[PDB]
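As structure tokens, one chain now follows by itself in the form deposited in one PDB entry.
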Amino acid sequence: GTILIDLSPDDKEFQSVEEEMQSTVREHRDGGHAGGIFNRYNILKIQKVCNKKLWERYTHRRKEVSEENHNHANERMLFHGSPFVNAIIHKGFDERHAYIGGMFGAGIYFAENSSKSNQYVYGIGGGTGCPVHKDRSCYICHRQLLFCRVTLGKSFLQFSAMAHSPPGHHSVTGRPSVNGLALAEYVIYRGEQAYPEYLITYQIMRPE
């Protein structure tokens, strides 16, 4: 059901997605261990992910959440990094894309910082890095992230140093309370609360 439409670099939509990618890079407390050392990306391709069934599954759930939260879906665009991007774009998010050992429980995790999601492209903690070179800081191999539409509804705020949402909530927000430069991370517990809208293919760039 899924088709991928390549966006032109001249398209305003390509440019706005690239800017969110680039502008939300930060340094990480692991010195680059999980995701590599870089300050910016080389964006190689941005594709719009188009699947009618998956979209309608998303909007159906979005309406339910909205009606439970004074007509406010609390929809965000957030990054997701996974070695299972291909299953996600074809079959959608589900319990198999949950992070069982995550700090907010077994749910599906999303980041405001693209560089946070980049730490997960090759697995938890970056796995063993790229398939070809076993390098978590590989500057050659092509990486992919998803930029996703995510329904948060009423989000449980966790001040921060498949399962179920906290009762009376539709998601969890992990608010950073130590690292002043970190942006928030979010967890949903229903795969239908996210749609993988853009597939971004990129390399991390070696600092000059």
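So that there is no doubt, residue numbering starts at 1 and follows the sequence shown. We call the rigid core whatever largest set of C-alpha positions still superposes within 1.5 Å between the two forms.
Form deposited in another entry: not shown, discussed below.
- Lining up the core between this form and the one not shown shows that one residue from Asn179, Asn69, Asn42, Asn39 moves its Cα 2 Å or more, and that residue is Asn179.
- In the other entry, the CA atoms of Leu181 and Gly127 sit closer together than in the displayed form, by at least 3 angstroms.
- The gap between the Cα atoms of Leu181 and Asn42 is larger in the other entry, by no less than 3 Å, than in this form.
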